[PDB]
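Let me begin by presenting the structure, written as structure tokens, before commenting on it.
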Amino acid sequence: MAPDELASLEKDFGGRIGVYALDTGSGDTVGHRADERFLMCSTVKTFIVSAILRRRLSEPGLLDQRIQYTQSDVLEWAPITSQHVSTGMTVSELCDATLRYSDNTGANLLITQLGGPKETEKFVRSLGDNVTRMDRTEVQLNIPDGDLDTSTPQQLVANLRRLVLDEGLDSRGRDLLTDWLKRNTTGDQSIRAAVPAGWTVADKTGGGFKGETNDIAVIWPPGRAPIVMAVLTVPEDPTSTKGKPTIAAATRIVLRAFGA
Numbered sequence: 030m031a032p033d034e035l036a037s038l039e040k041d042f043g044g045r046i047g048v049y050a051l052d053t054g055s056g057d058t059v060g061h062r063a064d065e066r067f068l069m070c071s072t073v074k075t076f077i078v079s080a081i082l083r084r085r086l087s088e089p090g091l092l093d094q095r096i097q098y099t100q101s102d103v104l105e106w107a108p109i110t111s112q113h114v115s116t117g118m119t120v121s122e123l124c125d126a127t128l129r130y131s132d133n134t135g136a137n138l139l140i141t142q143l144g145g146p147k148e149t150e151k152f153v154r155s156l157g158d159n160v161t162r163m164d165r166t167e168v169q170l171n172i173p174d175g176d177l178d179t180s181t182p183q184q185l186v187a188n189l190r191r192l193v194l195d196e197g198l199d200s201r202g203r204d205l206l207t208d209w210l211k212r213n214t215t216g217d218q219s220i221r222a223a224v225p226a227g228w229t230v231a232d233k234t235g236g237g238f239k240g241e242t243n244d245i246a247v248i249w250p251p252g253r254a255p256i257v258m259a260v261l262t263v264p265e266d267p268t269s270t271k272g273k274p275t276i277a278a279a280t281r282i283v284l285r286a287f288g289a
């Protein structure tokens with residue numbers, strides 16, 4: 030029933046929907062186009078921040094380091110970092126802004142601190158991800174260009190499970206990451222719109238210039254093991270605003286499949 034409903038949803042949407050979801054209690058999965066490539070867009074911020082958290086283990090005091098930047102660094106969507114050009118922000122504060130507000134300048138600053146876009150790639154490679162690639166910075170990473178800056182739904186779930194639930198990070202880095210994701214402010218109309226009230230969700234959204242809309246999440250229902258999922262969407266109509274409600278509709282399909 031669920032993969033049929035996902036195929037029906039995709040037909041209604043007009044475009045391509047990639048879904049993968051794992052119930053860590055049952056071990057059951059739901060998938061549609063789960064092995065196909067999609068732009069990660071800003072979902073990649075999850076991994077940039079995770080790479081910074083791992084890097085701190087080799088660079089004592091990294092999170093407290095204050096980074097100075099300039100007006101040239103400030104992009105159109107830089108809700109936090111645009112307010113602190115004179116005074117700088119710490120690496121921790123840049124991780125906060127990058128995840129909770131999808132701050133694009135924050136992301137770029139962190140990529141520079143790591144040593145460039147391939148450093149995040151080296152990080153996911155260390156987790157055993159041989160699928161994802163990172164190539165560009167904000168905002169060019171949102172523009173389709175070959176397979177640059179792509180992953181698949183299933184790979185994104187594997188990585189999110191490893192980082193939020195398992196030992197991809199040390200326990201304090203996992204808590205830092207997970208709290209920032211739980212506290213995301215940009216996901217209310219995506220996966221979260223479909224989840225019952227009171228259940229905790231950790232998520233990271235992404236979106237492109239042609240209506241591409243993504244969300245990846247961990248969901249904690251009461252009294253059972255968490256669910257990890259990814260929904261990636263590419264409308265045929267490049268001006269479509271249907272991505273977010275389509276994500277919520279796919280989530281409702283998934284939750285019903287998982288008895289939630």
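Read left to right, the sequence shown gives residues 30 to 289 (PDB author numbering).
Note that the Cβ used here is the ideal one computed from N, Cα and C, for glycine as well.
Euclidean distance between Cα positions of residue i and residue j
i, j, result
"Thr270", "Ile276", "11 Å"
"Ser200", "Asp41", "42 Å"
"residue 296", "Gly202", "There is simply no residue 296 to check, as the chain begins at 30 and stops at 289 in what is shown."
"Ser155", "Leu139", "19 Å"
"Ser180", "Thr262", "13 Å"
"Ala136", "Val230", "22 Å"
"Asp132", "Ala126", "6 Å"
"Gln218", "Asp195", "27 Å"
"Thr215", "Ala222", "11 Å"
"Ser55", "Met69", "27 Å"
"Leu128", "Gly235", "11 Å"
"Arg162", "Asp232", "20 Å"
"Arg45", "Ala36", "9 Å"
"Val59", "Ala80", "28 Å"
Assumed close pair residue i, residue j - CB separation to whole angstroms, cut-off 8 Å
i, j, result
"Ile220", "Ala246", "4 Å"
"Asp178", "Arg165", "6 Å"
"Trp209", "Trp228", "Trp209 to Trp228, Cβ: 18 Å. No contact."
Exposure label - residue i; buried when at least 16 CB within 10 Å
i, result
"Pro89", "exposed"
"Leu86", "exposed"
"residue 299", "With the chain covering 30 to 289 only, the question about residue 299 has no answer from this structure."
"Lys74", "buried"
"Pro267", "exposed"
"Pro251", "exposed"
"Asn171", "buried"
beta-carbon residue i near the ligand MG non-hydrogen atom, thresh 6 Å
i, result
"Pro250", "This structure does not include the ligand MG; it has no bound ligands of any sort."
Span of the alpha helix (DSSP H), counted from its first residue to its last, around residue i
i, result
"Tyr49", "Looking at the DSSP string, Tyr49 is not in any alpha helix (DSSP H); the run it does join, the beta strand (DSSP E), is 44-52."
"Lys151", "146-155"
"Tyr98", "It is not in any alpha helix (DSSP H) - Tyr98 carries neither H nor E in the DSSP assignment."
"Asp125", "120-130"
"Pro267", "Note, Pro267: premise wrong, no alpha helix (DSSP H); not H, not E."
"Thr141", "133-143"
"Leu205", "200-211"
"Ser79", "74-84"
"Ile172", "Per DSSP, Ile172 belongs to no alpha helix (DSSP H) and is neither H nor E."
"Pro182", "182-189"
Residue range of the unbroken beta strand (DSSP E) whose run includes residue i
i, result
"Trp249", "242-249"
"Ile256", "256-264"
"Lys233", "229-236"
"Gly60", "58-61"
- Between the stretch 232-245 and the stretch 97-116, are three or more C-beta pairs nearer than 8 Å? The stretch 232-245, when compared against the stretch 97-116, does not touch it at the 8 Å Cβ threshold.
- Touch check for the stretch 185-195 and the stretch 253-262: three-plus C-beta pairs under 8 Å? Yes, they touch.
- Message: Whether or not the stretch 95-102 and the stretch 32-49 are in contact is what I'm after, with contact meaning three or more pairs of Cβ atoms, one per stretch, closer than 8 Å; do they touch?
- Response: In the pairwise beta carbon analysis, the stretch 32-49 is classified as not touching the stretch 95-102: fewer than three pairs are separated by under 8 Å.
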